[PDB]
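Reading through the structure tokens given below for one structure.
What follows draws every value from the coordinates through simple rules; no lab data is involved. With ideal geometry, Cβ positions are generated from the backbone for all residues, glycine too; neighbour counts draw on all protein chains shown.
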Amino acid sequence: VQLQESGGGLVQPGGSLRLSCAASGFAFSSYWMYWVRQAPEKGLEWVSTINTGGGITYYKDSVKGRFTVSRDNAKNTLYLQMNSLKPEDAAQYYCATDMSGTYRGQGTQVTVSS
Amino acid sequence: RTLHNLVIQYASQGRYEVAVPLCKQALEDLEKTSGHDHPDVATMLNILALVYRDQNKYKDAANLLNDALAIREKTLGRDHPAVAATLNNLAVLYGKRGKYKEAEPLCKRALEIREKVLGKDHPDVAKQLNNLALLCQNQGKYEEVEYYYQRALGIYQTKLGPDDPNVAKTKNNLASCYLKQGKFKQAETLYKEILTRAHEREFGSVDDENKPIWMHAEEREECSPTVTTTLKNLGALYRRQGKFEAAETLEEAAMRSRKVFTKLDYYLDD
């Protein structure tokens, strides 16, 4: 199982980022996908969940209405549109096949400042 | 250990006339060799209790499970994973009898033990989360139910395969959770997913010349044992929508694959 994250960067409060997760080495379209984050001095938090086809989506209470998870099964890619970014959202973001972060890549850094 | 593997095999076939005297005679030997308070006695009491539960002998099943629990707590320890397996079997037993309030603390104790000892990532944690969500939804407590399901689903598809029977069982339970909440479209989505995965495993990847059963059902309208209850429940969902030609296509498939909604909660044992 190979997952690679991208799309992180430095934005100001209220800004947007779009995270990408390139998947290979497994039947991606048969798996539910997860977005997990780890803030500088906190433990790993679950952010979002998407079913195989994308008809079922779930979000962490603090990101509901601001974040949108999607997927392109033909491209074997997972997405996370992050709007109205707040300082609390500043973390290292990973994609995974579970909430614990099993099979996660190197992640992508999200920074919310000034 | 060989004997423990032999009984489950006889029980799976429904040979209760052979499985019950096997457990009873094994328990007779063990109680003369190492007494009553021994782990192998509690193991046999646990398996026989599950055999009794399948025979609707719930009084007997509860008695043996409570006995096996006291033995396992003494002989193995209060935080041993085998104690959590028996606590789970007691919770499932109470749950199958409608005693959801009494079943919930036993389920929570089993989850706490399995998270602490095996880690939050283990398939036995997904087993407990699934059972907890089942006991919670049947009480009308939906607060964390969907969270437990998506947590258990992640563990199951990762540790085992997305084709593993526990994945389809947890998915059917979440779809039943959607039905109780009137989330008919989300239940439809989940039942379609199970059937798509079952179609892809056998007939291959979806295209124009190879479509799952539900796709062919929607075309006509325009003009594993878990799959049978998936075919019936999705058929009932089409009937509710007034899509009778789509409902007939699934009922025809459910009849061929065998030989309001179907209320069957999939509790995961031990």
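How many of the residues making up segment A:86-102 are part of a loop (DSSP other than H, G, I, E, B) and either surrounded by 21 or more Cβ atoms within 10 Å (Cβ to Cβ) or out of contact with any helix residue (DSSP H, G or I) (no Cβ under 7 Å at 6 or more places or on another chain) (or both)?
7
Among residues of segment A:69-85 being out of contact with any strand residue (DSSP E or B) (no Cβ under 6 Å at 6 or more places or on another chain) and not in a strand (DSSP E or B), the one that is farthest from A:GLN12 (Cα to Cα) is A:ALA74. If you filter segment A:96-114 down to residues that are within 12 Å of another protein chain (Cβ to nearest Cβ) and of a type outside the set (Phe, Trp, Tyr), you find that the one that is nearest to the chain's Cα centre (by Cα) is A:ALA96.
Restricting attention to segment B:32-67, and to residues there that are under 11 Å from B:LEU93 (Cα atoms), of a type in the set (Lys, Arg) and surrounded by fewer than 21 Cβ atoms within 10 Å (Cβ to Cβ), which single residue is farthest from the chain's Cα centre (by Cα)? Of everything passing the filter in segment B:32-67, B:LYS59 is farthest from the chain's Cα centre (by Cα).
Residues checked against (1) farther than 27 Å from B:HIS122 by Cα; (2) more than 10 Å from chain A (Cβ to nearest Cβ); (3) touching a strand residue (DSSP E or B) at 6+ places or on another chain (Cβ under 8 Å):
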position	(1), (2), (3)
B:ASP163	no, no, no
B:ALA168	no, yes, no
B:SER176	no, yes, no
B:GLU202	yes, yes, no
B:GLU209	yes, yes, no
B:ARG220	yes, yes, no
B:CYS223	yes, yes, no
B:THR229	yes, yes, no
B:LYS232	yes, yes, no
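Counting the residues of segment A:45-68 that are farther than 16 Å from B:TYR191 by Cα, buried (at least 20 other Cβ atoms within 10 Å of the Cβ) and in contact with a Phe, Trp or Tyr (Cβ under 8 Å, 6 or more places away or on another chain) gives 5.
Let's see how each residue does on (1) part of a strand (DSSP E or B); (2) polar (S, T, N, Q); (3) within 13 Å of another protein chain (Cβ to nearest Cβ):
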{"site": "A:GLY14", "(1), (2), (3)": "no, no, no"}
{"site": "A:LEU19", "(1), (2), (3)": "yes, no, no"}
{"site": "A:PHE26", "(1), (2), (3)": "no, no, yes"}
{"site": "A:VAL36", "(1), (2), (3)": "yes, no, yes"}
{"site": "A:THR49", "(1), (2), (3)": "yes, yes, yes"}
{"site": "A:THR52", "(1), (2), (3)": "no, yes, yes"}
{"site": "A:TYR58", "(1), (2), (3)": "yes, no, yes"}
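Residues of segment B:134-145 that are within 16 Å of the chain's Cα centre (by Cα) and either within 14 Å of chain A (Cβ to nearest Cβ) or within 16 Å of B:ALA198 (Cβ to Cβ) (or both): B:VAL145 alone. Restricted to segment B:205-258, and to residues there that are closer than 23 Å to A:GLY53 by Cα and acidic (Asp, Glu), the residue that is farthest from the chain's Cα centre (by Cα) is B:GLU222.
The residue pairs whose first member lies in segment B:115-130 and is facing chain A (nearest Cβ under 10 Å), whose second member is charged (D, E, K, R), and whose beta carbons are closer than 6 Å, counting only pairs six or more residues apart or on different chains, are B:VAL125/B:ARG114; B:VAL125/B:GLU115. The sole residue among B:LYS192, B:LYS180, B:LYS185 that is out of contact with any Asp or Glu (no Cβ under 8 Å at 6 or more places or on another chain), surrounded by 14 or more Cβ atoms within 10 Å (Cβ to Cβ) and within 13 Å of chain A (Cβ to nearest Cβ) is B:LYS192.
On the stretch given as segment B:82-113, residues that are touching an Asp or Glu at 6+ places or on another chain (Cβ under 7 Å) and closer than 18 Å to B:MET44 by Cβ total 4.
On the given criteria, is B:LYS171 closer than 25 Å to B:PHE261 by Cβ, crowded, with 24+ Cβ neighbours inside 10 Å, of a type in the set (D, E, K, R) and touching a helix residue (DSSP H, G or I) at 6+ places or on another chain (Cβ under 6 Å)?
Values: closer than 25 Å to B:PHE261 by Cβ: yes; crowded, with 24+ Cβ neighbours inside 10 Å: yes; of a type in the set (D, E, K, R): yes; touching a helix residue (DSSP H, G or I) at 6+ places or on another chain (Cβ under 6 Å): yes.
So B:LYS171 fits the description; yes.
Which of the residues belonging to segment A:38-47 are facing chain B (nearest Cβ under 10 Å) and touching a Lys or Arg at 6+ places or on another chain (Cβ under 6 Å)? Listed by number, the list is empty, since nothing qualifies.
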